[PDB]
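The chain below stands alone and is given in structure tokens; this is the form deposited in one PDB entry.
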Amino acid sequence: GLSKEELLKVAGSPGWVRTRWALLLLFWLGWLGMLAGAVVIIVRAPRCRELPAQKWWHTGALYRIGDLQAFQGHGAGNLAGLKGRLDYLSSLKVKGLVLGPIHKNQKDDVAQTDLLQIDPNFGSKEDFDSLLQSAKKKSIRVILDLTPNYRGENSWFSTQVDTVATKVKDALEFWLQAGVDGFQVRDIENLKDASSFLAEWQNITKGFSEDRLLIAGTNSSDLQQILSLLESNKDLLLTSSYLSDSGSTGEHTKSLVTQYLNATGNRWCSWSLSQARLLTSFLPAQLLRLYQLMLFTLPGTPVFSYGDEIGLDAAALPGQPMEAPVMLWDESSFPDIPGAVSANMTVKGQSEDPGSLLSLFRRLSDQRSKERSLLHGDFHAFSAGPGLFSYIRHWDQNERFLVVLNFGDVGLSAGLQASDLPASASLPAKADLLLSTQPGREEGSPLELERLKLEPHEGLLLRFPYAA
């Protein structure tokens, strides 16, 4: 190796200094070329859309608890016993809680009944405060029903209309001070001048705070009777019996959902089958998984009744009220006619079966509340086979979802010729599978979307990522 003094007299020459100035400039030009290329690949990047800053009732399902006595059992039907079930409710990952009318009401006299004073057969104001604080601890919102005559036939006191309208105005200002998160009124087709009162109540509810709710509930199955209630309101969640009339063919239900979404103009809605009934009172026992897949994947808030996760039937059990059946927590819930229950007819017997109905509820209720393209993604159905209903959810660049349902007892193939969807989320060639309603398919096995053969009463939850 060369030493010090033999180096400076060779590396001071012309030529040797020009080649190293040339190499130095070449290295620096390669560096600035990499910098400029990184800048041009940053700029030529596709934009990204802005998240809508949703409310809380957009993010999950609501769980209607109409009759509180038959929810735990007789004698244990107080508000204190309800605090032991909120862990089970958070296991369902419901976001809200529509409690029944807990106020005091005797009968058709309006002067005795009052929407301010709690009935003593349910609990105390201190216990209601403890319920609200423990629910705010678990982040479960509590919505209080306020139908006046909830023990009777005509729930809205059909003699007069003025005092029953004024007392609700006192009722909304009272309970919101206590810290409830919404309200529900039912059977408003039996309330005269309804769309005028609902706008005032909606004003007061939005006038306390912005994170408060009002749910109105009819029984009218007519579309034009529904849109007339939504003339002066946008923030109103209206639950009706619009989906419960039929649906034996898939073309009818497809036309129903797309016609509703076309008529309201792609706004936020609430998908339910009733106002106070279960799913089993309107469907046979095989279609419960299909409708629970459909109601969780539609653009809006799903509202379920209590017991709809376990397939709570009242017609498959002895003497009961058909509007308020008993809840089957264990193998010993139903006291009389012993031996009538079974292993699959209860909560804890379905809390261990992987191919159960409650497991499907828990697998859908977290995919609804966690995934981004089912929260506020777009909606586009398309034509498919004669008997199917297929649609796609996609938000911006997130995981695209594809749901294919078979509303018939026939063996059909899919035949998905898209040809009309936007260019962002057109159909891929091959996509995965998250779950199916029936056993006989493995989860995570990608299919190609051509020979999709469906057994009767099957529904799928395929998904695929954003590509081009």
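The term rigid core refers to the most C-alpha atoms you can superpose between the two forms while keeping them within 1.5 Å. Each residue number is its position in the shown sequence, starting from 1.
Beyond the structure shown, there is the form deposited with a partner chain bound, which is absent from this document and is the topic of what follows.
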Taking heavy atoms only, is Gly179 within 4.5 angstroms of the partner chain in the deposited bound form? no
When the contact criterion is heavy atoms within 4.5 Å, does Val410 count as touching the partner chain in the deposited bound form? yes
Using heavy atoms and a 4.5 Å limit, would one call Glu251 a contact residue for the partner chain in the deposited bound form? yes
Is there a non-hydrogen atom of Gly75 within 4.5 angstroms of a non-hydrogen atom of the partner chain in the deposited bound form? no
Students should find that, of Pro386, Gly152, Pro284, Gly355, the residue having a non-hydrogen atom no more than 4.5 angstroms from the partner chain in the deposited bound form is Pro386
One stretch from 224-232, 293-301, 378-386, 155-163 that, in the deposited bound form, holds residues within 4.5 Å of the partner chain by heavy atom: 378-386
If I align on the rigid core, exactly one of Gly247, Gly182, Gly217, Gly307 should have its C-alpha move by 2 Å or more between this form and the one not shown; which residue is that? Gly247
Using a rigid core alignment, state whether the CA of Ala423 is displaced by 2 Å or more between this form and the one not shown. no
Tell me whether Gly30 is among the residues that move between this form and the one not shown (Cα shift of 2 angstroms or more, core superposed). yes
By 3 Å or more, the Cα spacing of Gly250 and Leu273 differs in the deposited bound form; is it closer or farther than in this view? closer
Please say whether the CA atoms of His380 and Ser248 come closer or move farther apart in the deposited bound form, knowing the change relative to this form is 3 Å or more. farther
